[PDB]
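Working notes, structure below.
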Amino acid sequence: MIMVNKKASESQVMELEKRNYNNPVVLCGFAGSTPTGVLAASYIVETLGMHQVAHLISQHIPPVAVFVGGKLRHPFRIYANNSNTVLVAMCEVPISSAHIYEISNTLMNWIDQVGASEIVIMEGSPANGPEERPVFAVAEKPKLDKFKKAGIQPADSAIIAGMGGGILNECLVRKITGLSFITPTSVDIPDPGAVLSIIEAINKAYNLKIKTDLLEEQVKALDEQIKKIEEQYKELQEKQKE
Amino acid sequence: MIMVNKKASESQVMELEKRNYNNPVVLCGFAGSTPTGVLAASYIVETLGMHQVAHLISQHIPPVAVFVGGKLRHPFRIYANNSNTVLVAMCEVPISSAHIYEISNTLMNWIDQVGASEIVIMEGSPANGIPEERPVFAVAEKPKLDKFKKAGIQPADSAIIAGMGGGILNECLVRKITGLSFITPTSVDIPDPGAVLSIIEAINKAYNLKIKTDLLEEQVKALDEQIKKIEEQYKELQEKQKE
Amino acid sequence: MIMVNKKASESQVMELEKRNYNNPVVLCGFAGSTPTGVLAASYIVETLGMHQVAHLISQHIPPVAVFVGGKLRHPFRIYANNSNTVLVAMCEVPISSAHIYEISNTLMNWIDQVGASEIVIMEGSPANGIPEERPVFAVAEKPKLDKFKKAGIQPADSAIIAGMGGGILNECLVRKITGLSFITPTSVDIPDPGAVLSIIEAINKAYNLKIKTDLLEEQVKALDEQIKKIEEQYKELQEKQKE
Amino acid sequence: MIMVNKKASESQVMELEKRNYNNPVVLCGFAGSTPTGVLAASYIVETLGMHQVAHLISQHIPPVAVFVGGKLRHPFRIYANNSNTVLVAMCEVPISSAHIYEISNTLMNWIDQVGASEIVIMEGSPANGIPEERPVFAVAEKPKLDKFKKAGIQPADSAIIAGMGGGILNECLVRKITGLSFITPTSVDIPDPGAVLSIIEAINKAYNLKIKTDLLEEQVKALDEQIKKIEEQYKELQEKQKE
Amino acid sequence: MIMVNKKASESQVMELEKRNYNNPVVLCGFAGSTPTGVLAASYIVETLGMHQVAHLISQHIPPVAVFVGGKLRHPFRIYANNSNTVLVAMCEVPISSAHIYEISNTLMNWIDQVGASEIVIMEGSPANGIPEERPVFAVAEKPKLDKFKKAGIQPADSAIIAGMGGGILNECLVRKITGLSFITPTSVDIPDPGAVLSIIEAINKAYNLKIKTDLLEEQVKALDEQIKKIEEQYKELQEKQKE
Amino acid sequence: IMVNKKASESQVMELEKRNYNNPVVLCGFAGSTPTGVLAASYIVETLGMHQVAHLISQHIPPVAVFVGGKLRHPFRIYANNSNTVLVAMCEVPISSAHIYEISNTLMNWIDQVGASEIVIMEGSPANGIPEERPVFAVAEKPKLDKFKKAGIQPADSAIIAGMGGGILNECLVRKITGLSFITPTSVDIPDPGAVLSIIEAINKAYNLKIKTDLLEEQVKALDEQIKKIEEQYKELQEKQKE
Amino acid sequence: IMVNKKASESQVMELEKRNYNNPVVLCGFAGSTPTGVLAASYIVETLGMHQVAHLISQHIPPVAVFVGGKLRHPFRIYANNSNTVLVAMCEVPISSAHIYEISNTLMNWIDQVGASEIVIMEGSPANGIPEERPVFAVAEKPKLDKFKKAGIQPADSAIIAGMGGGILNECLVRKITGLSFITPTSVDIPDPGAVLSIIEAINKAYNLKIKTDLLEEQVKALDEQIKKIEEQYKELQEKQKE
Amino acid sequence: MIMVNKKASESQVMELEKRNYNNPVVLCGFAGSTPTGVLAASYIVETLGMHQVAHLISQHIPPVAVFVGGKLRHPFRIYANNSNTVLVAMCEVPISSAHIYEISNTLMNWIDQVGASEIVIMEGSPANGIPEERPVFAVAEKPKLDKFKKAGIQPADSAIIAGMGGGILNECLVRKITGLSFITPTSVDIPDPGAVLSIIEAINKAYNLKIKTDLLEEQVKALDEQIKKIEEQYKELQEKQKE
């Protein structure tokens with residue numbers, strides 16, 4: 001504990017991390033059953049000009065670099081806007097179910113330490129066919145009423161699994177407000193409408209100003225990429241038995 | 001050491017936990033082969049008006065949030081009455097058998113600390129029909145068994161005790177806490193409020209708690225809908241995780 | 001890890017402390033060569049109606065209980081207002097200079113955690129007469145100094161800053177928290193409520209707290225009796241410990 | 001705390017490696033789907049007459065000694081030129097995918113403490129194409145991609161990078177060190193010294209080392225005959241271990 | 001092991017600190033007998049327009065803040081120039097000799113890891129004068145001493161080298177980093193800018209930094225008054241610090 | 001501070017090299033052929049060497065050996081009288097999933113004892129054997145050359161696996177001399193000439209003086225013993241799957 | 001798991017005895033007489049030995065030595081060419097409050113290097129000296145006897161203090177041979193015959209072959225050097241009390 | 001976790017000492033105010049021809065080798081008879097009072113793991129009395145005191161026991177092992193072999209060992225001449241160390 005000590009690390013020798021952030025809302029997109037989560041994440045990070053602020057490092061994140069669209073990056077990234085008032089945590093390769101607890105915990109320590117007020121998990125539930133496309137919420141009773149007024153109804157589901165479950169549990173125990181938006185989404189066609197629903201819901205509920213102009217084609221573009229990787233990883237994972 | 005102490009934290013930084021409870025009886029219910037334990041537990045948390053008091057955090061509890069009935073909570077909770085004289089430890093999703101030991105050990109460290117007099121594990125065993133004259137049964141050490149037989153609760157008939165109940169009972173055996181279990185035959189497929197009534201009658205009889213049971217058969221009927229919905233989605237979720 | 005969490009404990013098991021405070025200004029007062037810091041602190045804790053919120057536990061705080069006025073307390077306390085937007089860190093017995101570093105480091109870990117905006121260390125420097133026109137002075141970084149000069153508070157004149165104030169200020173310098181000190185000339189031997197008034201006027205001016213100062217000169221007068229009685233018994237106790 | 005201290009071991013006692021390396025570019029050849037990486041790596045070692053400088057020691061490097069061509073060595077080796085400006089790291093047996101993270105990380109620690117400026121992973125993606133327009137493809141961050149494009153080399157057509165290279169690349173990105181990869185198609189069953197030549201050419205252009213490449217196609221074939229020999233015994237070995 | 005790693009602090013999660021330093025020469029000034037080391041340190045910090053880069057934290061550095069000339073700062077600071085080719089380590093308050101070893105050792109750990117090539121310790125020896133022919137002495141190793149001798153710098157006369165200079169020299173000798181010291185006679189009663197000027201010229205001759213010396217006498221007299229104020233209030237603190 | 005018993009000095013002080021005079025260490029492991037461990041036993045017996053240590057580890061089959069009604073631990077080390085020859089043997093096979101660690105424990109101790117050379121003794125499965133039986137070497141070029149003179153020459157193989165692969169790798173990284181002597185040995189039948197070849201090679205490269213009258217007789221007695229155990233260990237592994 | 005540089009093997013693997021061929025270690029410490037450390041220097045010079053190690057510790061005066069314009073650490077170890085003789089010397093006095101720990105660090109390394117014998121070299125303050133100067137021994141009975149023949153015989157003293165006391169105690173508990181050669185040496189004046197006596201004893205008990213032409217000349221040059229330093233170290237300790 | 005394992009070192013690797021000792025009675029002689037304890041101890045070692053069995057190694061045993069009578073040994077030694085039923089622990093130089101606790105504790109660990117049944121501390125309290133009715137006094141717990149009283153020996157007249165013996169005795173009481181002490185008056189300046197004889201007599205009676213005591217007074221005088229020699233050099237030594 002008699003140490004030399006560098007400026008710029010001041011917030012890590014000290015674990016003083018929350019002071020260079022304004023009590024931010026965190027929006028999350030993980031690569032699970034549908035892609036609307038990480039398409040929403042990528043979209044919003046793009047359009048609000050956010051910059052990267054952190055990576056999450058773990059033996060249990062797949063040790064794979066992503067190079068889709070000829071940009072090289074780490075699969076798990078945390079972005080921030082300039083006011084440090086919104087963060088986006090995204091992850092582009094799926095986390096195997098046996099490691100949700102670990103990754104949720106690592107992520108939520110970092111989020112707790114940064115002073116975040118609210119975590120939003122963004123995702124899409126797969127579906128088969130409307131046009132009036134509903135957004136549903138998992139959330140606690142107070143937050144659920146405020147949402148019903150805005151027309152977002154409670155999700156019809158007894159358990160919440162995936163990274164979403166992990167994080168909500170982490171929230172409940174830590175007493176940070178955590179909730180999730182779900183929107184039905186079509187699996188085998190690009191489905192930009194899904195991402196728009198969510199951004200509307202977010203824009204409203206949180207008063208950000210996510211531009212939504214030319215979302216359809218950005219989203220389409222991303223969605224090719226996100227699928228090329230749903231595939232190359234599905235393959236790899238099976239070949240990885242030799 | 002050389003720390004700085006916040007208030008509500010004393011019992012925590014000091015492991016001085018027994019201090020804010022009055023020697024409680026702890027009732028337990030887990031999600032196993034029959035729901036009667038979590039139903040009993042939930043009924044009893046409802047009707048005594050208990051408040052939440054703890055979670056039990058662990059990598060080996062399935063990392064699933066529960067949302068049945070649109071109320072969102074963590075699956076493993078501890079509740080207390082206002083007199084902090086009765087606790088309910090409950091868990092709403094199945095605990096895999098590979099982790100009975102870690103989970104039981106984590107629970108029982110907390111319970112040991114809190115200063116509980118007795119651990120009561122509530123459950124039902126799969127039954128077939130079954131008798132209109134529905135008996136409760138005990139697994140306990142000999143002192144308690146002899147006393148319980150003088151209430152018409154007889155010794156369970158099973159060579160070993162498994163599930164979360166055996167893990168808790170082993171920890172009690174080692175820690176020298178009184179630990180027992182109340183088993184009641186319970187119908188595995190159709191709702192069975194009479195099972196919960198038996199367990200609760202047994203508890204009012206043996207601990208002189210005063211658990212209202214007017215519209216228990218109603219209240220329990222509702223809670224079965226729910227607990228079945230998450231058993232069902234959880235088995236589904238696990239089924240998906242296979243192919 | 002794989003623990004079990006009690007409620008009011010979250011901020012503790014999670015080091016998630018900033019969460020239940022609203023970015024507070026922390027005012028500090030220690031027992032040094034002049035009492036004005038602990039008097040200011042005590043006045044401000046009294047008149048804002050603050051509640052106790054923490055102790056700071058350490059082998060290097062003299063292990064003495066305080067009992068002046070027949071109210072019994074530990075010598076090192078942290079208080080908050082109801083909005084948790086202002087804290088007062090105070091200590092009623094002298095801190096030996098061999099431990100300024102350990103004590104300052106322990107305080108400032110807690111303060112860092114809580115998420116304080118600024119640390120204000122209140123004190124008086126031994127004076128002789130002194131001016132009827134009683135100035136306050138600042139030790140701060142250049143931004144703050146320039147602002148403060150536009151309130152009529154001028155830079156302190158001292159090459160180094162010692163006591164508990166320099167130790168806190170070094171930690172702030174390293175942690176990049178805003179840390180400053182308000183010094184006022186204060187008469188070392190006769191009671192000096194005007195010193196406390198200056199410090200409090202300076203604080204109302206610079207933080208727009210709203211600290212009533214009707215019958216401050218009374219209330220402070222009483223608290224001087226007391227704080228002098230323990231300075232005096234403590235010096236006595238230490239004198240005894242010598243021969 | 002208080003040691004005794006031997007001569008050429010300061011690098012070690014003190015973690016003071018960078019001192020003896022002039023910011024080297026590091027080249028990596030790994031046994032995997034296609035042998036072009038290690039061949040590339042040996043050719044460059046043989047031809048720049050590089051000397052061994054280290055070993056990577058792990059439980060997850062297969063515990064097999066290599067003795068092809070009756071010359072006994074460890075499978076995982078690191079070489080330097082004389083000015084310590086170019087390193088070659090290679091491993092002549094393949095690493096199971098369950099351990100890419102740990103090996104990558106061990107290696108990147110070493111490489112980080114050595115003060116490397118750039119890591120280049122040389123690999124060949126398979127096929128039995130094989131057009132002569134056997135081009136070279138880069139995986140790399142945006143600025144560097146510009147260069148190599150202008151320079152005739154263009155983006156790998158890859159959504160993800162797996163293998164040791166995904167590993168090292170993740171490590172590079174996270175540690176803020178330049179990492180890139182060169183890939184060329186390669187004739188999965190036929191020896192394919194063109195592959196190596198394409199790669200050596202891309203390195204010569206890009207880093208202006210100057211690798212003879214005279215009689216490269218002869219040398220690489222001798223080398224291929226050895227590399228396949230161990231892959232063949234390594235697969236034998238591994239099927240034998242299914243009791 | 002499984003952290004979240006922040007983008008600004010990668011060099012610190014990773015021990016990756018040599019990476020953002022081009023092999024720097026490190027100059028030191030401590031608060032010894034003469035003031036001439038800290039006066040050089042300060043001078044050069046100002047005149048190369050260096051920027052703050054690190055603090056040295058420790059229980060064994062007087063926990064005192066410096067505020068001379070109304071500039072609040074911590075007593076032990078490390079600066080870098082813009083290319084990160086010259087560092088300056090300075091400490092404005094004296095380190096008790098009981099702690100030479102631990103302070104020297106902390107410093108030399110960071111400096112070894114930053115990749116420093118050569119450490120120069122700047123100092124004065126007390127005189128009263130100084131007959132305008134003022135010499136520079138050196139403690140260095142023979143090969144260095146011999147170069148320096150053609151330069152007019154003669155070998156210090158002392159059988160042993162104490163204070164912080166000796167502690168750093170020992171660390172260097174063991175770590176195999178080149179360490180020397182320059183010493184210049186300096187007047188004890190009256191301010192002595194020519195002491196600082198000679199040391200700066202020593203440095204320019206040895207290392208071809210090209211430190212300027214424009215307005216050096218005026219700048220250094222100004223620093224002298226400041227440093228003197230603190231030498232003096234620090235002695236006063238140490239006298240009082242008894243009770 | 002810790003009181004301190006007489007004979008354990010070389011243990012408190014890890015001062016263990018002090019009891020041994022620079023030994024060559026010969027090794028025999030249960031592997032494909034059994035000739036390695038047969039040659040260990042025979043030498044342990046004909047040089048009348050005494051036990052000196054055991055290797056203890058969770059990853060040695062926790063099984064006791066009772067062939068020939070002599071009970072022992074499966075992994076043992078012996079030393080001659082002058083502590084100039086050691087013999088390390090292990091009578092039950094080592095799972096390849098643990099080769100590294102068992103190698104590393106072993107090499108650690110060997111390294112600590114000031115060993116000068118490690119010599120792994122192995123047979124290779126043959127259907128054969130040449131009338132004059134060859135012994136081949138795996139070693140570094142300088143040692144391969146001395147041996148070339150002696151008649152022994154390089155083994156023909158690309159990788160060296162088993163415990164020999166692990167030990168050789170340790171010897172390489174530690175900069176200790178490590179080599180291996182292989183001789184073809186017949187799969188089907190007892191092959192005492194196999195052991196007679198390794199001894200002669202050892203007798204001639206290190207000038208120990210291991211006698212060889214009584215070899216065939218004794219090595220045949222032992223071969224029945226090691227077959228019993230191999231046999232019985234395979235049956236045990238079979239059984240364990242429930 | 002840890003990558004691993006070439007020359008440091010004997011360090012990662014604590015395999016340090018491997019570089020030295022069983023050395024006798026001779027020691028010289030600043031004490032009462034200076035003859036011990038003068039004899040170290042002279043031998044380090046006449047056998048042209050090379051530095052091999054340093055002892056690092058918070059409890060060696062953190063002071064650098066610059067006598068004769070050669071800068072060094074005060075505690076150093078040297079080895080001849082064949083690594084058969086080491087010399088451990090320390091030019092500044094060691095506070096007796098730390099004798100144990102400095103002894104223990106030193107003996108640890110020495111033990112680890114496979115040292116065979118430790119020989120502490122000391123003078124005892126005399127006003128004298130006998131015309132034929134005696135050298136006395138402290139050692140165990142078997143070694144006292146061999147020496148008895150050689151002319152050397154037991155020191156007359158009840159306890160052995162200084163670093164010699166500490167080192168001898170370590171040597172005893174560790175079961176290593178440790179002895180000490182003492183010779184009366186004159187307090188007031190340079191006493192090169194004192195060093196000439198220790199060498200002859202060493203030359204004759206360990207058959208090193210340290211030359212002795214040039215001894216008086218060189219030992220006198222050194223004695224001026226060590227006096228300067230002793231002198232200056234006493235003055236420093238004086239000063240430190242404020 | 002997973003070691004290699006040498007022969008006569010099992011006691012050590014496994015903490016398995018008791019196995020090689022038949023429940024020994026342990027006798028302690030310590031250098032202190034009066035030499036009778038160590039003399040007693042040497043006489044009994046010499047005369048039962050006991051062999052050395054251990055050393056106590058510590059930073060707080062004075063780091064001095066003893067060489068009185070030209071026989072070189074460590075100052076702190078433990079001996080056994082052949083049946084390991086009697087141990088003698090002795091220390092021929094005195095232990096400073098700042099370290100009684102740590103040495104006592106080290107020793108009692110060893111003695112505890114060895115399975116000792118009884119610890120007997122033999123000492124002499126000073127005077128220049130010396131009546132022949134040089135009696136022996138016991139310090140001991142109540143039951144044992146009864147015995148030794150009936151046996152002619154009676155309670156030390158002591159309010160507290162200090163020295164190594166207070167240390168060992170505290171350790172004995174806390175660990176529930178029998179500990180006692182035998183004291184006899186002894187002629188602070190005159191050699192006093194009667195002292196030893198009284199003590200040896202009390203042990204022979206009490207434990208029915210059978211210690212020649214033929215020509216004990218001669219032997220003890222030779223021994224005293226040696227013991228005083230080191231006390232004298234040890235005091236010289238120690239006054240010399242006041243720079």
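In the structure tokens, chains take the letters A, B, ... in the order shown, each chain's residues start at 1, and ligands count up from 1 in the order shown.
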Once you count only C-alpha atoms, what closest atom pair and distance in Å to one decimal does each residue of chain A within 7 Å of chain D have, with rows by chain and rising residue number, as a Markdown table?
| residue | atom | partner | partner_atom | distance |
| --- | --- | --- | --- | --- |
| A:59 | CA | D:101 | CA | 6.1 |
| A:63 | CA | D:167 | CA | 5.3 |
| A:64 | CA | D:166 | CA | 4.6 |
| A:65 | CA | D:166 | CA | 4.8 |
| A:66 | CA | D:160 | CA | 4.3 |
| A:67 | CA | D:159 | CA | 4.9 |
| A:68 | CA | D:159 | CA | 4.0 |
| A:70 | CA | D:155 | CA | 6.2 |
| A:71 | CA | D:141 | CA | 6.5 |
| A:72 | CA | D:141 | CA | 5.5 |
| A:74 | CA | D:170 | CA | 5.7 |
| A:228 | CA | D:159 | CA | 6.2 |
| A:229 | CA | D:159 | CA | 5.5 |
| A:232 | CA | D:160 | CA | 7.0 |
| A:240 | CA | D:97 | CA | 6.5 |
Can I get the selection written as a compact mmCIF listing (two decimals), in the first residue's frame, with N, CA, C and O atoms?
# COMPACT_ATOMS: atom_id res chain seq x y z
N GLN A 59 -12.54 -15.23 -19.12
CA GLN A 59 -12.34 -16.49 -19.72
C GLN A 59 -13.63 -17.07 -20.31
O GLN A 59 -13.58 -17.89 -21.22
N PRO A 63 -13.52 -16.36 -26.78
CA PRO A 63 -12.23 -15.73 -27.10
C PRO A 63 -12.01 -15.48 -28.60
O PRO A 63 -10.94 -15.72 -29.14
N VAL A 64 -13.03 -14.90 -29.19
CA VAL A 64 -13.18 -14.77 -30.60
C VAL A 64 -13.17 -13.26 -30.93
O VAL A 64 -13.85 -12.51 -30.25
N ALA A 65 -12.39 -12.79 -31.91
CA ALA A 65 -12.49 -11.36 -32.31
C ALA A 65 -13.60 -11.18 -33.34
O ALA A 65 -13.79 -12.03 -34.21
N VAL A 66 -14.35 -10.09 -33.31
CA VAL A 66 -15.30 -9.97 -34.39
C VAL A 66 -14.70 -9.07 -35.45
O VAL A 66 -14.09 -8.07 -35.14
N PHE A 67 -14.82 -9.47 -36.71
CA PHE A 67 -14.34 -8.67 -37.85
C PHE A 67 -15.41 -8.47 -38.96
O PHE A 67 -15.09 -8.15 -40.12
N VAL A 68 -16.68 -8.66 -38.62
CA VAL A 68 -17.75 -8.44 -39.57
C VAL A 68 -17.72 -6.97 -40.01
O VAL A 68 -17.32 -6.07 -39.27
N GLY A 70 -15.58 -5.66 -41.86
CA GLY A 70 -14.20 -5.19 -41.84
C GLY A 70 -13.92 -4.14 -40.78
O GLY A 70 -13.14 -3.24 -41.03
N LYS A 71 -14.59 -4.22 -39.61
CA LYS A 71 -14.11 -3.55 -38.38
C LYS A 71 -13.79 -4.60 -37.28
O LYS A 71 -14.60 -5.50 -36.98
N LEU A 72 -12.59 -4.48 -36.72
CA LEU A 72 -12.07 -5.47 -35.78
C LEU A 72 -12.46 -4.99 -34.41
O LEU A 72 -12.26 -3.82 -34.10
N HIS A 74 -13.43 -6.33 -30.06
CA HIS A 74 -13.71 -7.21 -28.98
C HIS A 74 -15.21 -7.42 -28.87
O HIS A 74 -16.00 -6.51 -29.10
N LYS A 228 -24.31 -13.27 -40.16
CA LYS A 228 -23.07 -13.92 -40.64
C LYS A 228 -22.27 -14.48 -39.48
O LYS A 228 -21.39 -15.31 -39.61
N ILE A 229 -22.57 -13.96 -38.31
CA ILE A 229 -21.84 -14.31 -37.16
C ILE A 229 -22.61 -15.26 -36.28
O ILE A 229 -22.00 -16.13 -35.71
N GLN A 232 -21.26 -18.22 -38.37
CA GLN A 232 -19.85 -18.67 -38.26
C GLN A 232 -19.50 -19.19 -36.88
O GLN A 232 -18.68 -20.10 -36.75
N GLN A 240 -15.48 -27.33 -32.80
CA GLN A 240 -14.73 -27.27 -31.54
C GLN A 240 -14.90 -28.52 -30.69
O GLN A 240 -14.61 -28.51 -29.49
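For chain D, the residues having at least one atom no farther than 7 Å from chain F, when counting only C-alpha atoms, are residues 55, 59, 63, 64, 65, 66, 67, 68, 70, 71, 72, 74, 229, 230 and 233 of chain D.
Residues in contact with residue 86 of chain B at up to 6 Å, not including ones fewer than 3 positions away on its chain and judged by only C-alpha atoms, are residues 24, 25, 26, 80 and 81 of chain B.
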If we count only C-alpha atoms and set the cut-off at 8 Å, which residues sit around segment 205-220 of chain D, ignoring sequence neighbours fewer than 4 positions away in its own chain? Please answer as a short mmCIF file (atom, residue, chain, number, x, y, z; two decimals) with N, CA, C and O atoms, in the first residue's frame.
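The resulting file, part.cif, is shown below:
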data_model
loop_
_atom_site.label_atom_id
_atom_site.label_comp_id
_atom_site.auth_asym_id
_atom_site.auth_seq_id
_atom_site.Cartn_x
_atom_site.Cartn_y
_atom_site.Cartn_z
N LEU D 39 5.13 -23.14 -40.54
CA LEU D 39 6.15 -23.20 -41.61
C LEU D 39 6.75 -21.81 -41.82
O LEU D 39 7.98 -21.64 -41.76
N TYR D 43 10.61 -21.12 -41.40
CA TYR D 43 11.38 -20.49 -42.45
C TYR D 43 12.01 -19.15 -41.98
O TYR D 43 13.21 -18.91 -42.13
N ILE D 44 11.22 -18.29 -41.37
CA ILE D 44 11.76 -17.02 -40.98
C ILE D 44 12.80 -17.22 -39.84
O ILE D 44 13.79 -16.53 -39.75
N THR D 47 15.94 -18.75 -41.62
CA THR D 47 16.62 -17.90 -42.56
C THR D 47 17.22 -16.63 -41.93
O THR D 47 18.28 -16.21 -42.40
N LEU D 48 16.61 -16.02 -40.90
CA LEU D 48 17.22 -14.86 -40.23
C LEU D 48 18.19 -15.34 -39.13
O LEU D 48 18.74 -14.56 -38.34
N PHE D 148 -2.46 -1.42 -45.82
CA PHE D 148 -2.27 -2.71 -46.51
C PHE D 148 -3.12 -2.82 -47.75
O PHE D 148 -2.82 -3.63 -48.62
N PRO D 193 3.83 -24.72 -50.40
CA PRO D 193 4.86 -23.74 -50.11
C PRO D 193 4.61 -22.36 -50.75
O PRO D 193 5.29 -21.39 -50.40
N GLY D 194 3.67 -22.29 -51.69
CA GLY D 194 3.22 -21.02 -52.20
C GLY D 194 2.62 -20.18 -51.10
O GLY D 194 2.86 -18.95 -51.04
N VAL D 196 3.30 -20.17 -47.92
CA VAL D 196 4.32 -19.56 -47.11
C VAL D 196 4.85 -18.36 -47.88
O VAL D 196 4.86 -17.25 -47.36
N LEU D 197 5.24 -18.57 -49.14
CA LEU D 197 5.77 -17.49 -49.94
C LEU D 197 4.88 -16.24 -49.99
O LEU D 197 5.38 -15.14 -49.85
N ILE D 200 5.31 -14.58 -46.62
CA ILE D 200 6.65 -13.99 -46.36
C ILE D 200 6.76 -12.69 -47.13
O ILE D 200 7.23 -11.67 -46.59
N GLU D 201 6.30 -12.74 -48.38
CA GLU D 201 6.16 -11.55 -49.20
C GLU D 201 5.34 -10.47 -48.50
O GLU D 201 5.77 -9.33 -48.45
N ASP D 224 7.63 -29.09 -44.51
CA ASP D 224 6.24 -29.54 -44.47
C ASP D 224 6.23 -31.01 -44.12
O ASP D 224 5.38 -31.48 -43.36
#
(message) Only residues of chain D matter here; which ones have an atom within 9 Å of chain E, counting only C-alpha atoms? Give them as number ranges by chain.
(response) D: 5, 7, 10-11, 13-19, 109, 112-113, 115-117, 174-177
(message) Just to confirm, what's the straight-line distance from atom CA of residue 22 of chain A to atom CA of residue 146 of chain C in Å (one decimal)?
(response)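 Separation between atom CA of residue 22 of chain A and atom CA of residue 146 of chain C: 25.9 Å.
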(request) With a cut-off of 8 Å and counting only C-alpha atoms, select all residues of chain G in contact with chain F and give the selection as a ChimeraX atom specification. (result) /G:9-10,13,15,17-18,108,111-112,114,173-175
Now that the selection is made, can you save its residues with C-alpha atoms as an mmCIF file, in the first residue's frame?
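Now in part_32.cif:
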data_model
loop_
_atom_site.group_PDB
_atom_site.id
_atom_site.type_symbol
_atom_site.label_atom_id
_atom_site.label_comp_id
_atom_site.auth_asym_id
_atom_site.auth_seq_id
_atom_site.Cartn_x
_atom_site.Cartn_y
_atom_site.Cartn_z
ATOM 1 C CA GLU G 9 15.897 -20.917 -15.438
ATOM 2 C CA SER G 10 17.875 -21.239 -12.183
ATOM 3 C CA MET G 13 12.915 -23.209 -10.995
ATOM 4 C CA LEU G 15 17.621 -24.514 -9.539
ATOM 5 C CA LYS G 17 23.034 -25.002 -7.340
ATOM 6 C CA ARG G 18 23.322 -26.074 -10.929
ATOM 7 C CA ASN G 108 19.541 -19.258 2.522
ATOM 8 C CA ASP G 111 22.523 -23.141 1.172
ATOM 9 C CA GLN G 112 20.722 -23.025 -2.136
ATOM 10 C CA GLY G 114 25.072 -26.116 -2.812
ATOM 11 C CA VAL G 173 20.865 -25.821 12.451
ATOM 12 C CA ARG G 174 21.131 -26.431 8.645
ATOM 13 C CA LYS G 175 23.829 -29.130 9.193
#
(request) Pick out each residue of chain A that DSSP on the backbone tags as helix (DSSP H, G or I); I need them as an MDAnalysis selection string. (result) chainID A and resid 10:13 17:20 36:47 68:70 97:113 141:149 162:174 192:206 215:239
(request) From a DSSP calculation on the backbone, collect every residue of segment 13-243 of chain B in strand (DSSP E or B) and output the set as a VMD selection string. (result) chain B and resid 25 to 30 51 to 56 65 to 66 73 76 to 80 86 to 91 118 to 127 137 to 139 154 to 155 178 to 187
(request) Could you tell me how far atom CA of residue 60 of chain F lies from atom CA of residue 222 of chain F, in Å and to one decimal? (result) 21.6 Å
(message) One decimal, in Å: what's the spacing between atom CA of residue 198 of chain D and atom CA of residue 108 of chain D?
(response) 26.2 Å
